[PDB]
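First, one chain by itself in C-alpha cells, the form deposited in one PDB entry.
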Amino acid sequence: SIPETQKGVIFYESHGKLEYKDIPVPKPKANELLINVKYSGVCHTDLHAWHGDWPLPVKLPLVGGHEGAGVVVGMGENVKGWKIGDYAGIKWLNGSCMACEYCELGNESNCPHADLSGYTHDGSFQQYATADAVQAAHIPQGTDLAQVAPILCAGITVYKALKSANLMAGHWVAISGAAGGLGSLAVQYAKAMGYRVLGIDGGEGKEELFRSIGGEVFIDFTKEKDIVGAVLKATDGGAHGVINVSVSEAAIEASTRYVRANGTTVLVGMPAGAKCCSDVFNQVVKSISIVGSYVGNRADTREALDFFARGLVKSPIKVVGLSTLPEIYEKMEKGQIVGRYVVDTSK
C-alpha cells in the first residue's frame, strides 16, 4: 500500500547542493492529506526559494515544489470532503488558519499563519507529500495530471491577477513576460476572459509560442528600443491592464509607464531585491493603480481549473524527470524556458 521510503529533491542550506536521494515518506496530520504526487510543475518561485532571494527563510532541509498534481492515498482522521483516490492539488498555499479576518474574506493567501509548500512545508518535488485538506485543490477525475499541474500556481495566480486588474471584455491587457510559465497561461486566461492581449517577452520562438496560444500583439524586449512607446501605440493610449510576470525589475518600471490612465498594473513576479518605483505626480494625474496579487484562494482555484477543464487554457509543457531539477533551474535562470517544465516523479 503506502511505502515508508521515496525519492525527493532536497537541499540542506540555501543555494546548496540539490540532492536527488531517498527520504522518509511523511505522515499526514489530522487536517491533512497524504498525496502520491505524479507530476509537479516547476515555478520560478521554487528557484527564488533555493537561491534565498526572499526576506523570509525557508524550512531546512527543504523539499521544494508547489504545483503538485497527484492522488490521495491517505488522510487525517479530521479530514472530511475527500476519498482515497481523489485527485488533489498541492499549491503554494499549503494551508491557512481559516479562522482570521483575512481567511474569512477569502484572502486565504494573506493569513499570517500561512504554511507554504516548497518553503515552510515539504513540497511536491517528491513522490509523496502532505497538504491541508481544506485548502487542497479538488482535481476532477480524468484530468491529465501532467497538464493540470501548472494551473496550481501559475494558472490560479494569473487568473486571480487578471480579476484584480479589473478589466472588461474588450479592454487591452499587456502581459509582461508572456512566454514564461505564468505568462503563457495569462495569455490564455485573458483571451478566454474577453480581453485584447498584448505580450512582452523575448528569446528564440518566444513570439511563435505567443501567436500559437492566441495572443494578438507581441513586442520583443530583445529588439524593441522603446517598449513603452510600442505599447502606447499598440493599444492606443495604454493597457487598461498590465500583469507583471517577468523576473525583471526593469520590465516592472516600464509597466508603470505604459499602463492606461485609470488602468491597473499588477505586480506578480518578485525579482530579488525588487522595488516598484513610480512618479507620484504621474500616478495621481493619471489615477493609475498598482496592485500586488498573491496566488489565489479556493474559489480562484475552482474557477481557474474550470477553465482548464473546458479546454480554454493549456500550459505549453515539457515533461522530464524529477531527478532533472538542477537542469530545469539552470535553464530557467537563463530565461530559456518556453512555458513550463513539469517533473515526473517516477524518473
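Residue indices: 1-based, along the sequence shown. For clarity, a rigid core is taken as the largest C-alpha set superposing within 1.5 Å between two forms.
In what follows, reference is made to the form deposited in another entry, a form of this protein that is not presented.
When the two forms are overlaid on the rigid core, CA displacement between this form and the one not shown of 2 Å or more is confined, within 137, 116, 165, 219, to 219. Superposition on the rigid core between this form and the one not shown places the CA atom of residue 299 less than 2 Å from its counterpart.
Taking the rigid core as fixed, one finds a CA shift for residue 310 smaller than 2 Å between this form and the one not shown. Relative to the superposed core, residue 233 undergoes a Cα shift of 2 Å or more between this form and the one not shown.
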